[PDB]
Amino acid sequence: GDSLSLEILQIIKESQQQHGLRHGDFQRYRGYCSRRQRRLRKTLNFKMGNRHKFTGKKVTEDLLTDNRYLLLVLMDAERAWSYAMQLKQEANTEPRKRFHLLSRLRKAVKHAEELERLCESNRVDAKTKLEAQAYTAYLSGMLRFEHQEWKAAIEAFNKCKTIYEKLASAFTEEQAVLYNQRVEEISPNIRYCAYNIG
C-alpha cells in the first residue's frame, strides 16, 4: 500500500477548469502545463542528484519512488492535447492548420501511451492503472474521431467508458461523480460515431 498513485482525471479536470477551459482558452491552459512541467523537471533533476550527507548514498534510487515523473508525462500529454484543441479552433477558418492539429493530437496519444506503460509498473496502484488506461482511450478516441475513423474511435471511446464505469463502481456515489460525468462527456462523440457506422 506504499504504492504510487496518480489521480489522473481529478488532476486534469481541476487544472483545466482553473486555468482557461472555462472559456476555451486552451492557449492559457497549455501555458500552465508548461510551467508545471518545468517545476517538475527541476525537482526531478534535483532528486536524481541528491545524496545522503553521512553515507554519500543516492537518496532516490529511481524515477518511481514518487509520482513526479508520471506527472511530468501527464503534462506532456495535456500540453499536446490543449495545443491540438487550440489548433482545432483556428482550423475552423484556417484549413492549413489541420496538419499541425493532427500532429499535436497524435503526440498527446503518444504521451498517454507512455504514461500508461509507466503505470504498468508493480509499484503503481491498481486504481491508477485504470486511470491511465482510461486516459489513453479518451485521447485515442479523440484522435480517431478527428481522422473520421468512426469504428476505431467508438472502440476507443467504448473502452474509455467501460473503464470509468468500472472505477465508479469501486467507490461511493460521491466519489463516482467525476467518472460518471466523464462518461457523459464522451457520449456525444459515441453517438456521432455510432450513426456513421449506421
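The first residue of the sequence shown is number 1, and the count goes up from there.
Relative to one another, 149-157 and 164-172 have unequal mean CA B-factors, and 164-172 is the one with the higher figure. On average the C-alpha atoms of 97-105 have higher B-factors than those of the other stretch, with 70-78 and 97-105 being the two compared. Among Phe54, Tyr29, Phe46, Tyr138, the highest C-alpha B-factor in the deposited entry belongs to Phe54.
Ranked against the other modelled residues of its chain, the C-alpha B-factor of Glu90 as given in the entry falls in the highest third.
Per-chain ranking of the deposited C-alpha B factor places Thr60 in the highest third. In the PDB entry, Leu178 places in the highest third of its chain by CA B-factor.
Ranked within its chain, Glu120 lands in the middle third, by CA B factor from the PDB record. Sort the modelled residues of the chain by CA B factor and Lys13 lands in the lowest third.
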